[PDB]
Number of protein chains: 14
Amino acid sequence: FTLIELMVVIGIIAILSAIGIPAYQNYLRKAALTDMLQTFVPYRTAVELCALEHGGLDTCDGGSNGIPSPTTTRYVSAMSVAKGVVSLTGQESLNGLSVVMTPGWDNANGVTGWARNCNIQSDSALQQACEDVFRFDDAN
Amino acid sequence: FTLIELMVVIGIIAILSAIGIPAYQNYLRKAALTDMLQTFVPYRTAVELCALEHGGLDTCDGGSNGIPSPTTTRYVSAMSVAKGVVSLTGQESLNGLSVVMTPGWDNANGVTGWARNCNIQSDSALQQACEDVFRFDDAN
Amino acid sequence: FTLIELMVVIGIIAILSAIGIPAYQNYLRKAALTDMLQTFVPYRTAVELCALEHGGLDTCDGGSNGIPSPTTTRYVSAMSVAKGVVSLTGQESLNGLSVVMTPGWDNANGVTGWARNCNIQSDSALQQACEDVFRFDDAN
Amino acid sequence: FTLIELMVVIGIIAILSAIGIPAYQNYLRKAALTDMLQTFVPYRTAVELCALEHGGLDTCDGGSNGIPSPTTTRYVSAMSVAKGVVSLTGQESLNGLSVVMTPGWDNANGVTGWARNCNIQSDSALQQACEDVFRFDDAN
Amino acid sequence: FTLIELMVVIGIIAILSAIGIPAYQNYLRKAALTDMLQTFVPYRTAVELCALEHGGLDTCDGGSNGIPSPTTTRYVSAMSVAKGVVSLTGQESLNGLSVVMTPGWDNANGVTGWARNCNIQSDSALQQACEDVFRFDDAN
Amino acid sequence: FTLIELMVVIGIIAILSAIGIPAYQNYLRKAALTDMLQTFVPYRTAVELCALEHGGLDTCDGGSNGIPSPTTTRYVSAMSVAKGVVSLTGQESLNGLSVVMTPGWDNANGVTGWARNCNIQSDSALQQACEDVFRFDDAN
Amino acid sequence: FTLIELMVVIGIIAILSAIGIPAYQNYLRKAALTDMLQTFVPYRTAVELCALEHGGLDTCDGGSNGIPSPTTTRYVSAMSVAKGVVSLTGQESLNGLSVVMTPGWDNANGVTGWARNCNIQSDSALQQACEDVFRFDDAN
Amino acid sequence: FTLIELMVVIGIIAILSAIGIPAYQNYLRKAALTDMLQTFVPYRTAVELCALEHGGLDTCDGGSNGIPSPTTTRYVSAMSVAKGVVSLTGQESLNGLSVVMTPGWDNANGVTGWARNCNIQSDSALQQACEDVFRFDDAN
Amino acid sequence: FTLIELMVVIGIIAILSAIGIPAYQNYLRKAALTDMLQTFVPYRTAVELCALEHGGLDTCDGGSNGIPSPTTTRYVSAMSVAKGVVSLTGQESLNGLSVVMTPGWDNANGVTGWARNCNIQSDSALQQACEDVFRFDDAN
Amino acid sequence: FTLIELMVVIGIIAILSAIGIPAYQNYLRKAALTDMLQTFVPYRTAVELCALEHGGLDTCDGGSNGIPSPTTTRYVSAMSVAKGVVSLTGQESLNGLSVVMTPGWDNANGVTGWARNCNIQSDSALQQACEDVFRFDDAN
Amino acid sequence: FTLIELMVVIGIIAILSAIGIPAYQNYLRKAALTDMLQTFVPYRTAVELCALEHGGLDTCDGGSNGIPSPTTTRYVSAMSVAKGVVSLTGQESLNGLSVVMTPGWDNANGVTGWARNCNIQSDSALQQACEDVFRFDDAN
Amino acid sequence: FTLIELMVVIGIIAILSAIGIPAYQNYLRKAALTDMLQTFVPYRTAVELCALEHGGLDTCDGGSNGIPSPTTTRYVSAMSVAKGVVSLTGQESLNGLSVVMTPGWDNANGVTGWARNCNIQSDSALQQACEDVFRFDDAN
Amino acid sequence: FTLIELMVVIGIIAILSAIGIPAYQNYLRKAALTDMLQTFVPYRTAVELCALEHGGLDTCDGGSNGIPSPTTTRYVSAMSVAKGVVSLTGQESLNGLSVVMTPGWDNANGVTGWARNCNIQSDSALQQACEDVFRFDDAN
Amino acid sequence: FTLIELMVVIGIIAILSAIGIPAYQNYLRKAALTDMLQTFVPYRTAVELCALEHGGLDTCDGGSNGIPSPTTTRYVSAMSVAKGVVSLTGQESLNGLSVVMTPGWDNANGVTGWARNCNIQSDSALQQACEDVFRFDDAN
């Protein structure tokens, strides 16, 4: 009867329980996307000031008229912004990301909301994370 | 339970609260119209002097017999005046504006009030602003 | 609350206070009529000299026997006189005026007072001014 | 901690700041009363002409002896005048108004000032506006 | 409305009422002529004494046989007399005057009345005054 | 002793920890209600303009006099507005919702605040969310 | 939405309404001219007395034969008069003014009216005020 | 702009137009002098009767030989006469007046005209009125 | 700050400047009295002719021996005359007036001046006008 | 970020904009002074009548010889007049006011203009208003 | 190794994360204070009308001369107002609150700003909220 | 030698190795306590909502205002909750258990943490398990 | 799997969301600038009175001729004014600020608008706030 | 063959399986660090209030201006805070710990993030836990 505990090692000890690791990066990394949306927020306000008086988008470019210069959540490899765009090239492990957040602005039209553009080229599941954060849809 | 705050970012953080920006230009720009009515006022007085003695409208043309030369609130692209008319071509972002403020004058008749004429060709909502400032109606 | 001052411009600033201009011309122009009665006065005296010795009206015609030649208050377009008549054709803005001031003279009769005749054909309110100056009534 | 911003919407977002709207109509409408006093003014002058020579009030009735016919500030529903009275029935939203501005005239007496009479039957606060414009008191 | 009183100064205050001054000198100066006829009167009497006995005109010359010496109403610049003549050179402002009052005398003929002669060379209206005083006609 | 870890799977591994999911929809969905109150806000302003001059509610109906046309937070199945009402039929998963936000307006009265009306017919807990957002009470 | 009231301060609060101040001095100062014509009036009468008997203009000089000495409306810097002239050097803020009111007198001619002469050297708009008061034209 | 009418009250309403009052008394009072010359006239006739037969001046004293007793124009404070003298002490407001109208009479000499003597001690301008009425010169 | 102009209407616009109208009738009506004295004048002359030869007053009654029949300045309601009396019943607005101008005549006495009698029964201020025209005193 | 709107209430909502209220009373109250000058005007005319014939100031006292009795603009607490003086004790909120408008009259002197005397004892800024209305200076 | 997850429940699961609840009431309740300042605002305007004409504070008491009656943000237990005071007894959970907002008014002084008075007796931290809203300082 | 294996059965085969069974129930049952703390957790959240707005504990009672009704891990014999209390009577084999989790709430105080109360009456070793799970200490 | 929540603390809990604080001071401080423009406003009016009569700028200096003495919004460290200048040295945290608001005045020129001068030496972004409030441009 | 089971006890029974205990303390203790970061969080908020208005760090010190007093997760031996610092001396078994969390604040600079400082002096592996929780890096 003593042999059975060795057999449970042959199988039962190998429960192989594990968090699905690729799913795990999907979640915290998605948080990096969402935290990036938080990085987008101050830009939403300063761009509203560009809407407020400057009369056009070049004033809306980051790094000017008091707009904050774009900058990384530390895990991210890179970022850039102009006209309020957040083409986050170099995002996290997220190669090829670029939320081409084209501004919706033209004041006589009344247009305003930024045009989101998912662009996570490195993997489609990551795109499931963008639709779940920076929706590819253009209303903001 | 920790996932819910990420979900509030999926929706609640996007309150998307905003002043309706096109409505916003309608209000300050309407103020540019009304400030223009203030620009019209000194002309109403000098034109009354034209009524006072000159005996006819050419004397009422701006830039003469002491009448002030017409000039822009600084946002406005352009203006012109003659016979007391304030055809504000080039108004603000208000393309096509021209308050054809034809004078009502002929002294034997006793006629006096200027003939307002809304002419904001660029958008009808802007016309709601003219009716709300320079009424299209002719009594003044 | 800030919107209300713009609303007072929508209405209260347009007090549209004004002197009734046609009434205004009625008053100063009536003064031109009355000043014309003053122009009539020297003629009343020289015509009395015609009564004084000449024995008839042709001597009473203006421009003769020392009578002054008829002449305009400067605003007036025209005038004429004969037998002491002051048919002020061309008066002021007063088209059609003619105070047919026919002399009342014939000395054996004892008649003397000039026959006033309102004749402001251009407007009836102007006639209210003549009754208020050169009364249509004939005693003088 | 994220829940608090939703709570500020439960209360703080409902600042419910507002101009007291009924007070607002009290002010611009009071301006309609005061503008009406301006409408009364030309009548004060023509009635002075009635005092000037006609010798009695029927001549003072509006629409005659050159007096202007009574007429509305455009918001007003109605008006009427006789003997210089300004019983503004139909005023603005001001139902029941009638400033029974009875003339004070009788020249041998030396009496002149018009007898004001507040009569804003539709609401007492409106009467506060009449005392603040057309005082119920009779001196003018 | 306040501007109108300034306008009445623009016109009504300039009533420009005035006595016609040249006519005024015509009247008092004519009185100087007539007063001169009064100066002529004592001479008419003393000349009648010359008719009375002396038998001819040299006795009629002024300043002799008790005749008064000729002399000025004080305004007059000069005078002279001989044979009863009153050639009033230097009269008043009346330059060139000379009533060549030639005597009509020759007693066998029965002739008597002085020959008046208007001679107011300075202006014809003054001559209207002489015909109205010292008639150019010769009967006296 | 080896058997115990299998027993912990019989019970302890089934911690069955979970966010209470129906409570979870209550929270984000409540946010959809509150975001809807944000959708109500621009309408509160344009309706104030209807209060501003139009003089009555038909002008207050959405889609007119510059009022925005009603429209969905994207999760919502449907919406409608008239006289400023926000009867959000089709809200979210919120079947039967209709905030019958009847306007409180009549300016002579001074009345203004919108009449809220909870109407989440699909479940009473959802009504706890309406009282917690669009209170059934009528002050706004 | 709170930012808009700050924006109305950026523009609407700067209505910059103002009476045109240079026009304002034109009006009250013109009144100083007209009041000066009133100062001229007593001189018109005493000069008529100079016409009345003295026989020439030196008697017409101010400060003599009972004529009032010339003197300032208090705002005026200076004045002078001779032969009835009103060369108002130093008028008000009106540098260079001098109404060279040369008398029209010579009694044998019948001439009388004073020769007005606008001379407001400091600015041409002021000359518009002289033509509107002391007309440059010579009849009075 | 409303402030300007208050400013016209600050200056323009104070036209301070006025008849020069001291000049006014000069004119009517001068008329009292001239009316006094009319009072002198009947005395000129009765004194001529004194010349007519009495042979000397005591008979010429007023109040005798049918001469009228001296008496006041009612405004005058006092009067007296003797030998035809009209020393009008107490004249009008004319303190110190006394026209010492000494008679020129002595019949063998042929002398006749009364010796006028201006004596208006109260003011020299009044003396301008005496030279203009009772000339200080002695011919009458 | 905008409210102040409305306040100036509450008070400053009501300057209530006016000629004192009852004083105004006092002046022109007094002129009607004085013009009536002018009407009295021809009667003074014809009555002097009655003094001239007729030997008594019935001849002095108006309407006879060439005396003019009495008649109204047109504003006057009525008049009558006898023995030179001017009891102007019905004068102007001057009810009760009657200048009982009784003649002073009786030639052996030397009496002549008419006996004035103020009798303006309608108001005492009017009597101030009679003392200022037809003095109640009897000398003329 | 939500906290900032509460902070703007901590400061920006307290714009504390206000008309400077004490300055406001200075302006309308100054108008009460100026309206008082208008009350002074009829008195200027009746006092001119006192100058016209009465010969001295007691006749100039108000309430007599037809002068109007003194009376309040309704806001004023009190007034009095004698010899044409307008010592407006009790003026408005203007405690201690008294324009001791002593008449300048004595006709032999030719003096006429009333002696103004600012006397607003309650505050010096009010005195700035008197110098700006009833100047302390004595010419009128 | 399996025991460790139970140990994390012994400690790590008890993160005890929480919003500091008493701080939470401090914030929304402070908003109730600030919303109360908004309730104070309409009263600031009507009290300015009390400043506008009534002349004293009793007219400034709430519930009169058109002032709104005081009333609760619904969470508040009670309120009262007089002379513009906002002694908010019963505020929220804020026992003992009373912003004794004594008016600063006395118009001759020019004083205006309301005297704030923090009075949150229930806790000092609440007083930190009053200094952060209704500052204890008196300028408004 | 063969007898020895029988002897090892006399002793060695009776190794009597065993998990200490009472210790075993201590561990899994302790897990039932800890799982119960997990059952407590949703209640911690809903009670926080009771803290969120209801203002007191009755709203905090389970089974109300959306709070979950209390319920058993299946091994447990019974449970109950009120005011957030988790007096788990009938726990597991744990007779007498009752974690009298009295809420720490009173918001003005800022108090919040639940008052734990070990109450495993059936055995003290079980109490070692409560101190190791639901600590008797009151902070939560 | 339990380790992941600790990892979210390693990153996700550090959302580091924050209002950009330096931007925050830019906004409320800009409000201090704009509130300062409100402080400038009463000075704009009193300086207009300096334009009104004083004739030059020294009268325009603050603290005189009734102008308010300059004073701080309480956060400001310092201020000064002369000739209407608002060189706000010591503004807020705004070191080096000085809006050298030189007056545009010289009345014969018609010049009026104040010369703004941004001078926020402490930081250029603050200058963006001045251009957004007190524009460096000189028209006002 | 029976001997082998005794031999498995000689080796196989000594599996010596064990969680690496020092690693175990590293994990739960790291949780004590992370829970400490949670303790840091309320301080992050109150310090943001210090940023909010106080203007400097002393107000940011814990235990003041409403900041919570610092306090231990119960395992910790000690803690302290000032200027927002969390120098956790006495942490857990973590001797020498002190996260010198120096605040990053100076508002004109815009600086904000707290300066983390790992300081786990007792062991370097513990420092691996600080880098994994309170990173030595200074951004927060």
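Residues numbered from 1 in each chain as written, not as in the entry; some residues may be left out. Chains lettered and ligands numbered in written order. Heavy atoms only, no water.

Per the PDB entry, chain A goes by the name Prepilin peptidase-dependent protein D and belongs to Escherichia coli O157:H7. This structure appears in the PDB under the title "Structure of the type IV pilus from enterohemorrhagic Escherichia coli (EHEC)". UniProt's Subcellular location (unreviewed entry) comment on chain A is quoted here verbatim: "Membrane". (UniProt positions renumbered as here; feature names shortened; annotations may be inferred.)

K.L.:
Just checking my understanding: could you explain the pattern of salt bridges for this structure?
P.N.:
Pairs may arise between side chains of opposite charge once their charged atoms sit close together. For the structure on display, the rule yields 27 salt bridges over all chains. Two residues, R74(K) and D137(F), come together in a salt bridge whose shortest N-O distance is 3.2 Å. Of this pair, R74(K) sits in the loop between α2 (21-54) and α3 (124-132) while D137(F) is found in the segment after α3 (124-132), placing the two residues in two different chains. For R74(K), a relative accessible area of 42% translates into the label partly exposed. Of the residues examined, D137(F) reaches a relative accessible area of 27% and is grouped as partly exposed. (Salt bridge = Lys/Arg side-chain N within 4 Å of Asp/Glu carboxyl O. Helix = DSSP H or I, 4+ residues; strand = E, 2+ residues; numbered from the N terminus. Buried < 20%, exposed > 50% of the residue type's maximum accessible area, 1.4 Å probe, protein only.)

K.L.:
Quick question: what am I supposed to make of the interface of chain M and chain N here?
P.N.:
For interface size, the figure often reported is the accessible area lost on association. Listed as interface residues are 13 residues of chain M and, on the opposing side, 18 residues of chain N. In terms of surface lost to chain N, no three residues of chain M exceed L6(M), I10(M) and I21(M), which account for 37% of the buried area on that side. Where chain M touches chain N, the interface holds 0 salt bridges. The interface formed by chain M and chain N holds 2 residue pairs in polar contact in total. Listing elements by their share of the side of chain M that touches chain N, those giving two or more residues are α1 (3-10) and α2 (21-54) of chain M. Here the residues of the side of chain M that touches chain N are counted per class, giving 10 nonpolar, 2 polar and 1 charged. (Contact = heavy atoms within 4.5 Å. Buried area = accessible area lost by both parts, 1.4 Å probe. Polar contact = N/O pair within 3.5 Å; in protein donor to acceptor, adjacent residues only side chain to side chain. Nonpolar A, V, L, I, M, F, W, Y, C, P; charged D, E, K, R; others polar.)

K.L.:
Where do I start with unusual backbone geometry in this structure?
P.N.:
Working note: non-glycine residues mostly have negative phi, and peptide bonds are mostly trans. All names here are of chain H. Although it is not a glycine, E92 adopts a positive phi angle of roughly 30°. Relative to the helices and strands, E92 is located in the loop between α2 (21-54) and α3 (124-132). Judged by its relative accessible area of 17%, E92 falls in the buried class.

K.L.:
I keep staring at the arrangement of the chains and nothing clicks. Help me out?
P.N.:
A minimum C-alpha distance of 14 Å separates chain A and chain D, which share no contact. Separated in space, chain A and chain I share no contact, their closest pair of C-alpha atoms being 27 Å apart.

K.L.:
Which parts of the structure should I look at to understand the packing of helix α2 (residues 21-54) of chain E against helix α3 (residues 124-132) of chain E?
P.N.:
What describes two packed helices is the angle between their axes and the distance between those same axes. All names here are of chain E. With their axes 10 Å apart at the nearest point, α2 and α3 run at an angle of 45° to one another. Classified by the angle between their axes, α2 and α3 sit oblique to one another. Considering how the two elements wind past one another, α2 and α3 form a crossing that is right-handed. Facing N26, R29, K30 and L33 of α2, the residues of α3 in contact are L126, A129, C130 and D132. (Axes fitted to C-alpha atoms, helices over the stretch in contact; angles between N-to-C directions. Parallel < 35°, antiparallel > 145°, perpendicular 65-115°, else oblique. Left-handed = near helix turned anticlockwise from the far one by under 90°.)

K.L.:
Help me out: how do you make sense of the state of the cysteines in this one?
P.N.:
Note on terminology: disulfide describes a covalent bond linking the sulfur atoms of two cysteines. All names here are of chain H. Tallied over the entire structure, the rule returns 28 disulfides over all chains. Across the disulfide from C118 sits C130; the S-S distance is 2.0 Å. Looking along the S-S bond of the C118-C130 disulfide, the torsion reads about 105°, which is the right-handed sense. Linking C118 in the loop between α2 and α3 with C130 in helix α3, this pair joins segments that are 12 residues apart in sequence. Under the relative-accessibility criterion, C118 is labelled buried at 12%. (Disulfide = S-S within 2.5 Å.)

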